[PDB]
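Structure first, commentary second.
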Amino acid sequence: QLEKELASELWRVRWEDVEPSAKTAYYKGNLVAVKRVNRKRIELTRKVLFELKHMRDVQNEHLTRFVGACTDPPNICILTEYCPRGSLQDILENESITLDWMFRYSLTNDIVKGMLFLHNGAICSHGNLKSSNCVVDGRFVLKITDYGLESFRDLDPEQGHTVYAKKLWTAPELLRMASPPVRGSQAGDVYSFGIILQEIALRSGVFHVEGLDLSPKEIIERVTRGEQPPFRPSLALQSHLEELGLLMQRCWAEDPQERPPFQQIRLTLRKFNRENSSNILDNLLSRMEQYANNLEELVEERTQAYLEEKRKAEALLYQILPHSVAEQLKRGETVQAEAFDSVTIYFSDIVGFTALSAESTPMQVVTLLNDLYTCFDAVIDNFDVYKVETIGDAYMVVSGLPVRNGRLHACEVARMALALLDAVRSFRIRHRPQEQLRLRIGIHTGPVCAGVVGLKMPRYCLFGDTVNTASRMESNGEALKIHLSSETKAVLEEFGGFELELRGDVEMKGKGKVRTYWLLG
Amino acid sequence: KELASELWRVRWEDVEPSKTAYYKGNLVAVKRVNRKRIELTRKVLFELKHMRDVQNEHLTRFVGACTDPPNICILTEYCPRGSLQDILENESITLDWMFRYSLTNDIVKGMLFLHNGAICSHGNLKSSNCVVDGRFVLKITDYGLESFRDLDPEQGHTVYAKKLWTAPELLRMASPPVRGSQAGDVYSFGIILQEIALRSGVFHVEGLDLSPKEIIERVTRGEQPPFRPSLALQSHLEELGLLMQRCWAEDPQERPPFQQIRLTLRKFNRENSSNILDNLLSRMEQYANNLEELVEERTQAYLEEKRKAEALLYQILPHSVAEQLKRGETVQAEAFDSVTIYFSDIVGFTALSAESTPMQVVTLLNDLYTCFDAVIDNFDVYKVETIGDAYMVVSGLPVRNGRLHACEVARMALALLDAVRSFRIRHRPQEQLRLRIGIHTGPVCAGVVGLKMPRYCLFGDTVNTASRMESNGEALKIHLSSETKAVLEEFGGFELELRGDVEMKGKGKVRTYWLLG
Ligand SMILES: Nc1ncnc2c1ncn2[C@@H]1O[C@H](COP(=O)(O)OP(=O)(O)OP(=O)(O)O)[C@@H](O)[C@H]1O
Ligand SMILES: Nc1ncnc2c1ncn2[C@@H]1O[C@H](COP(=O)(O)OP(=O)(O)OP(=O)(O)O)[C@@H](O)[C@H]1O
């Protein structure tokens with residue numbers, strides 16, 4: 001029977017039907033995982049033959065099973081039962097799995113037991129036990145893969161300097177200037193578990209010391225020196241979980257016969273887990289429930305964040321155009337060009353807005369300008385006005401777009417006249433208690449045309465011969481007063497009750513003698 | 001002994017309002033009751049006895065319901081995480097066939113115990129009142145409640161919206177009981193299966209769907225067309241439709257035995273496994289995988305959206321704004337040492353534009369923007385804004401430009417001729433335009449004004465008076481201010497024509513020079 005099974009050749013995948021599509025592949029109607037190593041010298045190694053067959057005959061709860069081997073000359077590789085989640089080191093290091101310490105204790109104990117079985121049978125502890133080769137099952141039962149099959153790996157000094165990239169967990173004794181044995185040492189196992197426990201206890205990569213970080217070269221050489229102090233990454237200075245620190249301590253010292261057996265290791269682990277170490281069945285359920293709850297909370301927080309971006313993205317493109325645009329993009333395809341000539345516009349400036357303001361002191365007025373912007377905008381929400389521009393010389397607001405009515409705009413302009421008269425006595429310069437600046441404004445009705453231009457950041461533009469004429473005529477505005485023209489005067493006539501006075505016949509550049517009026521209230 | 005003390009004396013004092021409240025355990029759900037007056041009787045005694053009686057694995061426990069003069073409610077266990085109806089409604093979660101199927105089987109078992117013993121009936125079996133548990137443990141709510149319900153008569157909005165679930169055997173009556181018909185339970189499961197079968201809301205086949213009131217009197221007006229919403233035509237679950245078709249049985253007795261229902265569902269069962277834990281573990285696995293997929297999609301969309309927003313924001317302001325967006329959050333205006341300001345507008349742009357038709361004026365403005373685009377790529381220049389005809393920009397860069405603002409006039413002089421030469425009014429092919437550029441060289445202070453919609457604003461007496469003066473200028477000739485003419489003197493390679501001392505408002509006789517090229 002033994003001879004027959006050994007001759008059976010039950011480990012040959014033969015890499016013919018298997019389809020490739022870190023590099024997961026599909027074979028045996030199941031998810032697979034294949035890792036290979038550059039070697040072209042395999043033979044029918046009797047010892048390795050038994051090792052391969054025995055591995056294929058090894059099973060346990062916390063181990064990881066085998067499938068088949070790559071005997072083809074294209075390559076040679078293992079076939080392993082892929083598991084969904086990534087390497088454990090990634091698992092903890094993501095900072096997005098929101099672990100808990102009961103969770104971690106259970107993981108440590110499970111890995112302990114799996115290794116223990118790994119060490120109680122014909123297969124003995126594997127050489128390397130890096131924290132980055134402990135996979136998590138779909139049902140979340142820790143497994144320790146990539147072990148055994150001695151002659152099946154890239155056992156090589158070839159890389160030379162590059163070898164020092166990945167040996168950090170190597171047992172200190174084995175990591176000396178000597179040719180190592182493939183199998184490894186049980187002391188090596190104790191050290192491996194100690195270092196992995198450290199990494200799963202501090203939650204930062206490998207050898208996370210806050211005082212001084214050092215590349216792999218530095219850590220390797222430091223470990224190698226064998227200095228009097230027991231070099232190893234430090235333990236958080238707290239008494240909350242001293243037991244685990246002590247247990248790791250017993251596994252670190254270079255005393256080869258000091259790293260204990262796993263009998264006492266499991267004994268101390270159970271003594272600690274007596275806090276919550278209850279059952280062997282329900283553990284899976286509670287663990288998965290905790291993990292799922294945390295994942296759902298994380299995704300809820302991300303989804304909350306995503307809405308935050310949408311509102312801000314909206315605030316840039318849509319908001320530039322008048323709020324009629326707010327409909328235009330908000331299913332307002334009907335929000336298009338207009339031909340309404342009953343539009344009232346207020347363009348005003350600060351008497352000596354620039355010269356004195358800039359000359360007073362560098363960088364001593366810009367904040368005040370922002371304050372004026374904010375306050376006068378808040379008032380700008382006190383009336384139905386779609387502010388047009390805030391040009392350096394002046395800001396110009398014209399209304400009427402939000403409601404297609406020829407009576408609302410005139411009343412809005414008339415009201416804003418008195419509102420600006422008040423603003424004259426509003427937003428006094430805080431920095432200079434003895435400092436006052438007055439605003440001059442004017443209104444000029446007439447035909448106008450509004451339309452949306454621009455591709456990247458389209459904006460509304462409101463052009464009109466009346467607009468240009470109003471600018472050219474109001475360029476001579478006086479302080480703390482308002483000038484109205486004939487068109488706007490007629491607007492006021494039918495707009496509603498008001499107290500307008502007659503300034504007289506003002507000679508306007510390009511307009512000639514124009515009768516003008518003062519708005520009192 | 002049982003008479004002595006209720007063991008259902010849940011006063012808030014024990015609990016905290018902190019609408020699920022907490023009591024010395026996990027979260028304990030509550031439900032207010034508008035009773036306002038009590039004369040508890042032996043009937044109530046047996047009510048409490050039954051309330052405590054059952055502790056089945058698929059019946060959700062209560063402890064004690066308040067009986068205070070002003071208020072009363074039942075303190076049940078707050079099994080969190082929504083409802084089954086919801087747990088399929090929200091499109092995010094994607095239950096697979098087997099998952100829904102097993103959910104149905106579990107409901108079968110829970111109901112099987114529901115009233116096969118002491119408790120007679122519940123009557124309200126709304127899917128929304130059967131929630132999932134912390135770890136995939138379905139239950140069924142409000143069993144018992146000998147009188148704990150809104151028995152008060154409304155015959156109004158309550159009828160409109162809150163009674164749909166009861167089936168016609170219940171509907172075809174004017175005296176609703178505390179506990180519904182056994183066939184009533186069968187019907188309740190029938191419509192619950194109706195809702196779980198497909199992802200629709202409630203009692204809604206495709207096609208014509210009358211609104212809820214129409215649904216109500218359809219419920220009570222049933223004709224020989226036996227109006228049970230028919231299942232999905234998909235033939236991979238047609239056997240389910242068999243049960244569904246039977247469940248809402250017009251003949252009261254034909255509504256099959258519930259145990260027979262369970263046994264048929266068993267034969268029906270997908271042969272996954274027989275373990276009681278295995279099913280739970282597999283379910284949680286599927287749910288977790290779906291949640292991970294949701295996380296992935298959300299993250300992808302968030303990154304894409306923010307990338308687009310950043311692109312737009314960078315487009316808005318000058319590249320110095322890009323740098324500020326990079327790391328710097330606090331920005332204060334720069335009192336630049338010396339800059340160049342170019343003001344551009346055509347002669348009689350206002351008049352000509354007004355002459356045009358506004359509708360075609362929109363295309364004219366599009367033409368203007370496009371034609372300005374070409375001049376928009378000459379050298380470092382940030383177009384401040386485009387208000388009307390005037391199209392102005394400055395060449396001040398975040399860092400020293402080696403007197404590059406001298407190159408601003410160079411760029412404008414180069415671009416003006418090219419733009420004017422072969423740029424035409426689409427709606428005004430017959431009409432042509434002449435472009436005049438006014439350049440000044442001087443310092444100015446510029447900064448970001450506003451935060452919600454911050455914009456670069458640059459103020460400087462040079463800029464202001466230069467814009468005003470260039471307002472009136474020579475024809476088809478780039479005028480430069482003597483101030484900027486000297487800087488042009490510093491930078492070689494070009495030719496300058498001395499226009500001479502022109503009258504500038506607020507400036508008197510001020511020298512100006514015409515661009516040569
Ligand atoms: N169960 C698994 N089997 C194979 N690969 C896995 C598994 N789980 C995760 N992986 C991924 O495959 C990679 C294989 O591990 P790794 O790269 O550490 O092997 P190696 O570096 O060739 O040798 P060692 O495992 O000793 O480091 C991991 O880095 C990980 O990203
Ligand atoms: N343990 C629980 N106790 C109470 N409500 C819950 C519980 N779990 C979930 N819910 C929520 O309760 C809602 C069901 O509605 P609700 O219980 O308020 O009215 P009802 O029970 O149908 O009728 P009434 O409340 O009048 O008896 C669902 O949205 C569900 O998510």
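Chain labels follow the order of the structure tokens: the first chain is A, the next B, and so on; residue numbering restarts at 1 in every chain, and ligands are counted from 1 in their shown order.
Using only C-alpha atoms, the contacts of stretch 61-74 of chain A at a cut-off of 8 Å, with sequence neighbours closer than 3 positions omitted, comprise residues 10, 11, 12, 13, 14, 15, 40, 55, 56, 58, 77, 78, 79, 80, 81, 110, 111, 113, 114, 118, 141, 142, 143, 144 and 145 of chain A.
Look at residue B:479: the protein and nucleic acid residues within 8 Å of it, using only C-alpha atoms and passing over chain neighbours fewer than 4 places away, are residues 436, 437, 438, 439, 470, 473, 474, 512, 513, 514 and 515 of chain B.
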Check your understanding: Taking only C-alpha atoms into account, what are the residues of chain A at most 8 Å from chain B, put as a ChimeraX atom specification?
Key -> /A:138-139,284-285,288-289,292,295-296,299,302-303,305-306,309-310,312-313,316,337,339,354-355,358,362-363,366,369-370,373-374,389,392-393,449,451-454,456-457,461-465,468
Review point. Could you pull out all residues of stretch 17-189 of chain B with a DSSP call of strand (DSSP E or B) and give them as a ChimeraX atom specification?
Key: /B:21-22,27-29,32,62-65,73-77
Exercise for review: Excluding residue A:256 and any residue of its chain fewer than 6 positions from it, enumerate the residues within 10 Å of it, using only C-alpha atoms, and give them as a ChimeraX atom specification.
Suggested key: /A:172-173,186-188,190
Export, as a PDB file, in the first residue's frame, the selected residues with N, CA and C atoms.
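Generated file (selection.pdb):
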ATOM      1  N   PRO A 172      17.766  35.096  14.665  1.00  0.00           N
ATOM      2  CA  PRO A 172      19.093  35.705  14.825  1.00  0.00           C
ATOM      3  C   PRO A 172      20.220  34.709  14.644  1.00  0.00           C
ATOM      4  N   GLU A 173      20.071  33.499  15.182  1.00  0.00           N
ATOM      5  CA  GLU A 173      21.148  32.524  15.086  1.00  0.00           C
ATOM      6  C   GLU A 173      21.384  32.118  13.641  1.00  0.00           C
ATOM      7  N   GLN A 186      13.706  25.156  15.469  1.00  0.00           N
ATOM      8  CA  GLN A 186      12.564  25.400  16.341  1.00  0.00           C
ATOM      9  C   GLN A 186      12.732  26.702  17.109  1.00  0.00           C
ATOM     10  N   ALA A 187      13.954  27.006  17.542  1.00  0.00           N
ATOM     11  CA  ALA A 187      14.225  28.345  18.045  1.00  0.00           C
ATOM     12  C   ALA A 187      13.833  29.378  17.003  1.00  0.00           C
ATOM     13  N   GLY A 188      14.081  29.068  15.731  1.00  0.00           N
ATOM     14  CA  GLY A 188      13.645  29.961  14.678  1.00  0.00           C
ATOM     15  C   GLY A 188      12.144  30.154  14.697  1.00  0.00           C
ATOM     16  N   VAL A 190      10.233  29.958  17.384  1.00  0.00           N
ATOM     17  CA  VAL A 190       9.892  30.783  18.537  1.00  0.00           C
ATOM     18  C   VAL A 190      10.134  32.248  18.217  1.00  0.00           C
TER      19      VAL A 190
END
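For the atom pair formed by atom CA of residue A:166 and atom CA of residue A:95, the distance is 23.1 Å, given to one decimal.
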Any residue with an atom at most 9 Å from ligand 2 counts, using only C-alpha atoms and all ligand atoms. Which are they? Put them as a short mmCIF file (atom, residue, chain, number, x, y, z; two decimals) with C-alpha atoms, in the first residue's frame.
data_model
loop_
_atom_site.label_atom_id
_atom_site.label_comp_id
_atom_site.auth_asym_id
_atom_site.auth_seq_id
_atom_site.Cartn_x
_atom_site.Cartn_y
_atom_site.Cartn_z
CA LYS B 19 -36.78 55.04 18.94
CA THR B 20 -34.84 52.31 20.75
CA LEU B 27 -30.43 48.22 23.11
CA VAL B 28 -34.04 47.41 24.01
CA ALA B 29 -36.63 48.50 21.46
CA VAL B 30 -39.88 50.13 22.61
CA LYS B 31 -43.32 50.76 21.14
CA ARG B 32 -45.73 53.31 22.60
CA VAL B 33 -49.39 52.41 23.04
CA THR B 60 -37.90 37.92 19.52
CA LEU B 75 -39.53 46.84 25.87
CA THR B 76 -38.39 44.41 23.18
CA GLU B 77 -34.86 43.56 22.06
CA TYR B 78 -33.45 46.04 19.55
CA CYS B 79 -32.19 43.63 16.95
CA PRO B 80 -30.42 46.31 14.87
CA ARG B 81 -29.73 46.50 11.14
CA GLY B 82 -33.06 47.42 9.60
CA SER B 83 -35.80 45.22 8.18
CA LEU B 84 -35.98 42.31 5.75
CA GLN B 85 -38.22 44.24 3.39
CA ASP B 86 -35.71 47.07 3.64
CA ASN B 124 -49.92 41.43 11.88
CA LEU B 125 -47.21 39.71 9.88
CA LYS B 126 -45.95 42.71 7.97
CA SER B 127 -42.54 42.03 6.46
CA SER B 128 -41.45 45.42 7.79
CA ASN B 129 -42.20 44.03 11.27
CA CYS B 130 -39.87 41.05 10.79
CA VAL B 131 -36.28 42.32 11.16
CA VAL B 132 -32.95 40.56 10.90
CA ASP B 133 -30.86 39.97 14.01
CA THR B 141 -42.59 40.61 15.80
CA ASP B 142 -45.47 41.55 18.06
CA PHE B 148 -51.37 45.92 22.70
CA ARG B 149 -52.37 47.49 19.40
CA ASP B 150 -54.03 50.57 17.91
CA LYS B 162 -51.53 50.72 7.34
#
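Around ligand 1, using only C-alpha atoms and all ligand atoms and a cut-off of 7 Å, the residues in contact are residues 22, 33, 34, 35, 80, 81, 82, 83, 85, 86, 87, 128, 130, 132, 133, 135, 145 and 146 of chain A.
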Based on the selection just made, write C-alpha atoms of those residues as a tab-separated table (two decimals), in the first residue's frame.
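That gives us again_7.tsv:
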chain	number	residue	atom	x	y	z
A	22	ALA	CA	-0.40	37.79	-6.31
A	33	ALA	CA	-2.85	30.32	-6.08
A	34	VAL	CA	0.43	29.49	-7.83
A	35	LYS	CA	3.94	30.58	-6.83
A	80	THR	CA	-2.49	26.54	-3.26
A	81	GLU	CA	-6.08	27.14	-2.20
A	82	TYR	CA	-6.47	30.89	-2.55
A	83	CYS	CA	-8.25	32.76	0.21
A	85	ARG	CA	-8.30	38.49	2.03
A	86	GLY	CA	-4.72	39.65	1.77
A	87	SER	CA	-1.65	38.97	3.85
A	128	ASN	CA	10.49	31.30	7.53
A	130	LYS	CA	7.08	35.98	8.10
A	132	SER	CA	3.35	38.44	5.55
A	133	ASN	CA	2.67	34.77	4.71
A	135	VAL	CA	-3.40	34.03	4.94
A	145	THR	CA	0.68	28.53	3.85
A	146	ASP	CA	3.94	28.45	1.84
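Distance-wise, atom CA of residue A:27 and atom CA of residue B:236 end up 28.6 Å apart.
Residues surrounding residue B:12 within 12 Å are residues 18, 21, 22, 23, 24, 28, 30, 64, 65, 66, 67, 68, 71, 72, 73, 74 and 75 of chain B [only C-alpha atoms; sequence separation below 6 positions excluded].
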Practice item. Write out as a list in words each polymer residue whose atoms come within 7 Å of residue B:248, counting only C-alpha atoms; drop sequence neighbours fewer than 4 positions from it. Key: residues 187, 190, 228, 244 and 255 of chain B
Review point. If you measure from atom CA of residue A:519 to atom CA of residue A:499, what distance in Å do you get, rounded to one decimal?
Key: 6.5 Å
Review point. If you count only C-alpha atoms, which residues fall within 10 Å of residue B:101, apart from same-chain ones fewer than 3 positions away, as a list in words?
Key: residues 95, 96, 97, 98, 104, 105, 106, 107, 196, 197, 240, 265, 268, 269 and 270 of chain B
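Proximity to residue A:317 was assessed for A:329, A:365, A:504, A:207 counting only C-alpha atoms; the smallest distance is recorded for A:329.
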Check your understanding: Near stretch 429-434 of chain B, counting only C-alpha atoms, which residues have an atom at most 8 Å away, once you skip same-chain residues fewer than 6 positions from it, shown as number ranges by chain?
Key -> B: 346-347, 420, 475-476
Review point. Where does DSSP see helix (DSSP H, G or I) in stretch 226-474 of chain A, if you list the residues as a PyMOL selection string?
Key: chain A and resi 242-252+262-275+283-317+323-329+355-360+366-380+408-423+465-474
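Nearest residue to residue B:442, choosing from B:200, B:374, B:337, B:412 and counting only C-alpha atoms: B:337.
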